[PDB]
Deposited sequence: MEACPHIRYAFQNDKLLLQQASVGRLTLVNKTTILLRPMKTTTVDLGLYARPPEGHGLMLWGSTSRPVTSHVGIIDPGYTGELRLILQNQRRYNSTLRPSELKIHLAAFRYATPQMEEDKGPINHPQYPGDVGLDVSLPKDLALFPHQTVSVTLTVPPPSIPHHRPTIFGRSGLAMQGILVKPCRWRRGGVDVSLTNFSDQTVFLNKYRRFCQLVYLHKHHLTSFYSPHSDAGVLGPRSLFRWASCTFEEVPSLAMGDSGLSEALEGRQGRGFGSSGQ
């Protein structure tokens, strides 16, 4: 893996390190999360992956806060944002150092074929997946749905489900998960105060084919359970970050 070019400028976040293919930021100031509302952190971070790769953006904290896991498309030249939700019904604070923000690359593949939709732009990582039925997501509840018809099989890659940013901004998070052979149960949580009605055929998540190297059972400084959970640890590509300040917009 050749360089991930990046720029970073944000005096409210510290660059902890950019090592072994993962860049980590930490919060220098308190971030307040109101209950029932989305909190977005504008990272002041811009990045471009090398050929054949996307980027994965995620947050880690021991506080009662859930972060959207973001799939960053290779053509994306805008600012990266971290989308957070409050698990509690009262204000939750992330004191300095309590939030870690990680960025790292992965190889992905794309099939040519709803319910699974082609990438919307050249090189987009995820294929949107359509809802098979109408769902009513009441506030602070989780609703699950099963996808049973197999996605296309891609040698040496593994189908996985991630959320999309638009729904996350509305307070609806998808728990990322592997789509194994017998089907996948996709769980959607509504962290807002509004009942959200999602109808049949609505795009509600995306299918990503991660190269099999990026999924491991082994814990190390090269992997993290914060992406897809503790069974399927995310092991990112061994790329090098290269600072290119002109990427900042």
Query raised in the report: Wait, which stretches of the deposited chain are just not there in the structure?
Result: 1 to 3, 117 to 120, 257 to 278
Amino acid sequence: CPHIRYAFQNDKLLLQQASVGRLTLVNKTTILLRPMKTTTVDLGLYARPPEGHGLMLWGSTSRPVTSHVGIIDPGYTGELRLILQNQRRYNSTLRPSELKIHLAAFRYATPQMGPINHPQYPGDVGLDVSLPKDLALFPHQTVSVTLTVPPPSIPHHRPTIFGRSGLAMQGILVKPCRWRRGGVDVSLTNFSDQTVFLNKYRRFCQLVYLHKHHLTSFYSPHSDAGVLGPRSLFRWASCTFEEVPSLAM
From here on, numbers count along this sequence of modelled residues.
Query raised in the report: Between us, would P115 come up missing in a third or more of the other compared entries?
Result: yes
Query - Check: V20 without coordinates in a third or more of other entries - result: yes
Query raised in the report: Do the C-alpha atoms of 189 to 197 or of 62 to 70 have the higher average B factor in the entry?
Result: 189 to 197
Report task. Averaging only over Cα atoms, indicate whether 77 to 85 or 134 to 142 has the higher B-factor in the PDB entry. Result -> 134 to 142
Report summary line: Looking only at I161, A168, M113, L103, the Cα with the top B-factor belongs to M113
Query raised in the report: At the C-alpha atoms, which of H222, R202, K37, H214 reaches the highest B-factor in this entry?
Result: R202
Query - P176 CA temperature factor, ranked by third within the chain - result: lowest
Query raised in the report: What third of the chain, by the recorded C-alpha B-factor, contains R231?
Result: highest
Report summary line: Assert third(CA B-factor, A109) within chain per record equals middle
Query raised in the report: Considering only modelled residues of the same chain, in which third does the CA B-factor of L94 rank: lowest, middle or highest?
Result: middle
Report task. Taking the values exactly as deposited, rank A18 by C-alpha B-factor within its chain and report the matching third: lowest, middle or highest. Result -> middle
